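We begin with a single chain expressed as structure tokens, specifically the form solved without the named molecule.
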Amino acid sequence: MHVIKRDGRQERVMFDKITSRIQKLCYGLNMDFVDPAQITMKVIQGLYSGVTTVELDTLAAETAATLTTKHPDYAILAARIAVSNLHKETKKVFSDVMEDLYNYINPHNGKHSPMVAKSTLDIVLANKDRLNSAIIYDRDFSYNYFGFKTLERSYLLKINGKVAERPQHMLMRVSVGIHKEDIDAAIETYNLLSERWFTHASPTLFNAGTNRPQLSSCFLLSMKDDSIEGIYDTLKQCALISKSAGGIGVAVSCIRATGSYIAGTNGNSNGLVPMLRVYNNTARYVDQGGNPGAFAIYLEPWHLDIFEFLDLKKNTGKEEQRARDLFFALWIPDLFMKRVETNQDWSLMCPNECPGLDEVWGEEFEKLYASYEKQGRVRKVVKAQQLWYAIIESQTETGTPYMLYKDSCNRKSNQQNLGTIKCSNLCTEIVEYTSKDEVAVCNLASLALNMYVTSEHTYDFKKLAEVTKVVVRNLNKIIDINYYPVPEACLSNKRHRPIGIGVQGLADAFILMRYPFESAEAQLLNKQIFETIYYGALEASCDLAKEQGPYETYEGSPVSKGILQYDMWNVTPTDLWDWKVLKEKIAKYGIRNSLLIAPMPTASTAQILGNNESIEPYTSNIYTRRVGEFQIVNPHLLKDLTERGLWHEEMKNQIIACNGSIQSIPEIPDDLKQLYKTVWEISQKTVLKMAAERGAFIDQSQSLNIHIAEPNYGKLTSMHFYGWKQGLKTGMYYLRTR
């Protein structure tokens, strides 16, 4: 048997040499369980002569990754093999690749189509030496297989279907893309990114240092006014945003209900459903071409078209009464929740008959709403619980609508001084003001929370604060570099300068510290982590305000009155940080950014870093990743089981037989059982309480999924009302069942 080497030369297939190559990539790996010869063994099995070394390497990487279920270090080794191959197939110098990317000519068009911006190239070429040698290519080997494959599919710029960028090249591109002539700052960011302390959001990773850079790609809009002109002006906006691959949250409550009089045409309105069909089909059409844009529609439950809204996503239906490509969210007043639990009547209104209900929150809302009721300006009254049942029925069928508490959102916004906030975003973590003149933008990054635990099971709070400060500075530079799809978005970001720093690997950080998710230790660590993030962020924002002045609309805001997020929740922080000293710095200089913290879903970027998503418990101890499908065991648990000598073939079988649970396996000690409880075994009320406790230090909101195995009306009711009573801004993102 012969391999065809890269140089096209024929080489004898040899067990020792293949094993040998794998061996050289095993530095720092657990050799008690990782065996190079194990891979060589399975590779040589199904192997025919005529295979190339690139094919051989691919096979060996794919084989190493099926052995992840024997030890997690195998997944790292698989990436090490893949990257080894990628290095052999790539140019070594950064500035070289940047030239190749810029000089790109489309083959079937003949047109010069630079893949990076000229001004980025220029900065790179002016600083070749420092930039090229700052790069540490050994950092490419820090990923696991599934992280690498995510990067490889979407994130490494390709020349004619062939990957041209090493992970390190991409990271330096982003860094120069953010910092331009500030080479000191670029290298600081490159080091932080490549050592995996944090990551910028996908939009930034994709387009930093490219032409017309789309660095932020989540947006929020309010319907202009209640007219064909307003509706179609907003539609154009959403189309234009969606063309730039922007996700959107849209507030729709100002639009007349079905049957409402139209004084102009002497006819009656079709209401929300037919209009939302236009938006649905706009989402399908403007999907960047060939592949659907994502719009989350926000509706307040006093609106007369609420029941039909609650149906638009049902898979069983009537097509013309369906909009299954949109996402649905409720923007809920406290009054509704209070009428539900007291079993009172709820009045359904048309916003044209009852104007300004969306422009008003809390006591002002309850007062305006109560007088409309007293004046008999109501279209239909139902028992409030009837609407409640429709809500929970919808969630049991579809997992939605999302649950947002309008008064919580507004009562505890530092953007309070701008007017009433009418909605959240696609992912329910952003609470930012919108108006006719203003489309809000989400500028996002996440901290990797697992990275701040030390070899001694202590949490490095100082490091976390220091990294956060860099993140604030980076996102603040992104606000000015960003190419905006509509000018209302630019206006909004330049005026209030919000940002959204989030997290990943919360579950990993608990496990690394040896804390069960529900323990006193994890609940206190949870507060501490988020105090820290809020503290460092305010401090960076304050520093930028000293250097550049506060944001335009700073005067009048709660923070300008010395009110921080936890003051709004009536929470007293722990003694970890001196908040009195921070307040005194803020009183001096103000802050650069109206909002700072917003834990988003980290679907794609958490996979790249190899962390569990967001603030979420591991949903299972055994799960699959699609690339073929690959079986993955929780890497923390697998190490524990192998270190103890407990792991075997049937042991994996029994955990799959238990739906990824380890609770009923008698050979596992109880301390391990409590460490590795699945989300399905963890109290959702506890999840809700932990979110509220970290919530006091999050000036935006958090994308909170809820997991109820076998839901009924009683389960869904008690969890929603618990979340509400905790003070949560987002009571639920998705509902997950099984």
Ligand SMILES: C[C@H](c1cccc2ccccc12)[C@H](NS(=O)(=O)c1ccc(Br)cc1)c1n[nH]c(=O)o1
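Residue numbers run from 1 along the displayed sequence. Each form is matched to the other, and the largest set of C-alpha atoms that superpose within 1.5 Å is called the rigid core.
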- request: Could you tell me whether residue 118 lacks coordinates in at least a third of the other compared entries whose models cover its neighbours on both sides?
  value: no
task: Would you please confirm whether residue 195 lacks atomic coordinates in a third or more of the other entries that were compared?
output: no
- prompt: Does the deposited sequence hold unmodelled residues between residue 627 and residue 628, and if so, how many: none, 1 to 3, 4 to 9, or 10 or more?
  reply: 1 to 3
statement: residue 160 to residue 161: deposited residues not modelled, binned count -> none
- request: With reference to the PDB entry, specify whether the mean Cα temperature factor is higher for 71 to 79 or for 642 to 650.
  value: 642 to 650
field: Average Cα temperature factor in the PDB entry - higher stretch of 2 to 10, 728 to 736
entry: 2 to 10
task: Have a look at 298, 104, 295, 534 and flag the one whose Cα has the highest B-factor in the entry.
output: 104
- request: Among the candidates 445, 632, 382, 409, give the one with the maximum CA B-factor reported in the record.
  value: 632
query: Lowest, middle or highest third: where is residue 616 by Cα B-factor in its chain?
result: middle
- request: Comparing against every modelled residue in the chain, figure out the third that the C-alpha B-factor of residue 515 lands in (lowest, middle or highest).
  value: middle
- prompt: Where does residue 53 sit by CA temperature factor within its chain: lowest, middle or highest third?
  reply: highest
- request: Could you say whether, by C-alpha temperature factor, residue 190 belongs to the lowest, middle or highest third of its chain?
  value: lowest
- prompt: Split the chain's modelled residues into thirds by Cα B-factor; is residue 697 in the lowest, middle or highest one?
  reply: lowest
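The following text describes the form deposited with the named molecule bound, which does not appear among the structures shown.
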Contact label in the deposited bound form: residue 725 to the named molecule, heavy atom within 4.5 Å: no
- prompt: Would residue 708 count as touching the named molecule in the deposited bound form under a 4.5 Å heavy atom rule?
  reply: yes
query: Does the named molecule come within 4.5 Å of any heavy atom of residue 682 in the deposited bound form?
result: yes
- prompt: Quick one: is residue 691 in contact with the named molecule in the deposited bound form, heavy atoms, 4.5 Å cut-off?
  reply: no
- prompt: Only one of 547, 649, 575, 129 shifts by 2 Å or more at CA between the shown form and the other one when the core is aligned; which is it?
  reply: 649
